[PDB]
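Each of two forms of one protein chain follows alone as structure tokens, named structure 1 and structure 2.
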Structure 1
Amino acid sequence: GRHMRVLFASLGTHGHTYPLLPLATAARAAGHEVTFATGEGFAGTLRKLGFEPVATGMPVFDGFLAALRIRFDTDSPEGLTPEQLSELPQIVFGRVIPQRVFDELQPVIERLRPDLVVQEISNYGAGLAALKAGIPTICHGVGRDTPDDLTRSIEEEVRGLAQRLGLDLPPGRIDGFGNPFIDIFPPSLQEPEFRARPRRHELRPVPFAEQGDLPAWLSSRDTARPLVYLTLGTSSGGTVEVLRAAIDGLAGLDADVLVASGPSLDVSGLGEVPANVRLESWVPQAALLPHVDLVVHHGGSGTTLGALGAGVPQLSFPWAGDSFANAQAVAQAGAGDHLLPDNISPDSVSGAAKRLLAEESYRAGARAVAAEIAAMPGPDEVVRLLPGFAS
């Protein structure tokens, strides 16, 4: 089991791709040849890590357009109730993307002959492609198990797809296609049923280490003041309305506020902001978090786990994806708090943030999880299992 060809495959967003990079880096360091399938935009990052990049997936727009046609036989959302529209994500993620990824990986697997596939949990198409070609596979988590309505709906679409592809799946949860599962969620905060799953292996949720520079103003800021970091992710985890509300609620505090708006959020008409607020487009989050006193965010898994890993209290605005499951876990740990979508006002943000900074129990809760995260097996230890997985 030396010099294996290992194919990693994730959905093409930062949140779905970054969590797999540490295991992939450890794999290469162990002497394996890493091919990494995800969005085309990650090619540069992947090459820098010494991986061979493969481009999979499609633009967000094309995904929802296909879902719209499939479900409602129309090209336009207009005239559709928000309830009807809420029927689309399960089709986008359980049917349309997996079909595309399954098809794209056919040629790749054929020519590469990988010894092992590492499939990111939400990238169902890659698991089907590996099943089809009979390649040993393991499933790599990105966050907490989420036994919620949306995931069950997505999984129903996946089973439907597998059946159409002539691939037999058991009834019931997809469960990583029954493969060994690499779980990066702090065990105490993981769903109890998932935590007891056979063939589950812990892996420390290492944040993505990028050699980028931190903003210069940080080096001369008055560190007697708290530093607050506000972000809404990279995948439409929030609206400009939410952002402005958060900025105005946080700007009041006696604190410095670093805002990272992300690539897919245009705030071009955001308005002027107080002097203690510094707007960045993108930052090396991993490198930043250890210097921060409060993380305010939409509740994405990467940022949730980064704040927990750094022992920093967090305030989230859970809205989409697994954000409610994260809020729940953070609440459980006493490591932060959240505001529901109806209760996001400068006043509500201000009060919550003041509380999270003043009450020492939140930092305590967060630091407890940081300790649990540090004791989890590191990529170099976990990577030693790959040969076994490929047998």
Structure 2
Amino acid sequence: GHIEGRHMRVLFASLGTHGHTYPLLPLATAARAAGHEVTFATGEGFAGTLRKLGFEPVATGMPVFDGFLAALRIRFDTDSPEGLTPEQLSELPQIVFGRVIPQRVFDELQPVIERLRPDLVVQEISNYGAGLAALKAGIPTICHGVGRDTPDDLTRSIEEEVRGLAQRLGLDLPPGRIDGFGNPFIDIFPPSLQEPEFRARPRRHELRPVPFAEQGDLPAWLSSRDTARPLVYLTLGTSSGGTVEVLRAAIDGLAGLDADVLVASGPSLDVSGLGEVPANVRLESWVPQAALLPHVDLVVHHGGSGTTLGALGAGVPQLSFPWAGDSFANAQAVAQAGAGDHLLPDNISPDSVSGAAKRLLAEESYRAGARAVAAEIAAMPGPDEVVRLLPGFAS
């Protein structure tokens, strides 16, 4: 038992992937420092990290792969994607994140919210199941964004599946876009790069896109490299951002440069077949990306929001290979700010990557564009400032 606005029970809830869980960590940490009790619901795999942050971890949802198996069965009556055209497979995402996962998360959070009786729920934008659970339980909720607003087909499809799931759960949602379930919205995307319409949205609040501070060690070789030549960082994320074929094409393109290349392949990408690489290319399974970026001269990636905002925050030029989800939205934002460039899925090769990487390194305008947003980001309200709003949200 606590008094109003002090030592609150705040329930953070996000999808079970790094790209969706990490963005909320800074605010959760700030909430704990403010004296609130943080319970964090997400993939069980994050349990260790959450506990170390002082949070009480809760396991929800399922691995993305398992989600696509479910959708695969629901939609195509099969256990394999084999024989299915990329157009048929592109019908699955809305089922996975609009129905299958939300259903699971809703089922698991209902009893959780029941016992925890949280004063406030911080719902990750794409974690609709958590939004529905809190809605039914009548808990004051705020929507925590992970990137740029995306008013595209993919998002609308996912939202309609969410609507269908809502109906079946006895929850009648308002007509029109989900729009964070009409709750206050925490926007971590650089306002200048944010969709104009969305930036005007009422009850919207800025929050600096702080990169998760992991206490891991940087690769030791950084301490003895030729710091007179560029350091290039290559990564395709942690969830379906790109393929190993694309990673191979990027390595061949970057390896030729007079530069050091650090590659982080992540937990999902199988690189057992990647093969041989020149000595200036180092392959890592995982790196403390937040601590790394300040040392980097160029970030080459899949276009994930976390790495996009990360590069922007560090004032580093970025080359992206947009293909999945909001990767295209982020590519537009980067182009708008002249903070980097991109190559389309049919234009990925050693040559195209090499040429683009050289341009982003040689021409100052790209770094200049990145430094501009880095300043804007630094001027945004920090987690400790925004956290002072939580009591008002709960009340």
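Please note that residue numbering is based on structure 1, beginning with 1 at the start of its sequence. Definition used throughout: the rigid core is the maximal C-alpha set that superposes within 1.5 Å between two forms.
Asker: Relative to the superposed core, which single residue of 222, 110, 75, 213 shows a CA shift of 2 Å or more between the two structures?
Answerer: Result of the superposition: 75 is the only one at 2 Å or more.
Asker: Could you state, for a rigid core superposition, the Cα shift of residue 86 between the two structures in Å?
Answerer: Its alpha carbon moves by 1.1 Å.
Asker: Taking the rigid core as the frame, how far in Å does the Cα of residue 65 move between the two structures?
Answerer: Once the two forms are fitted on their core, the shift reads 2.1 Å.
Asker: Keeping the rigid core fixed, work out how far the Cα of residue 159 travels between the two structures, to one decimal in Å.
Answerer: That residue's C-alpha is offset by 0.6 Å.
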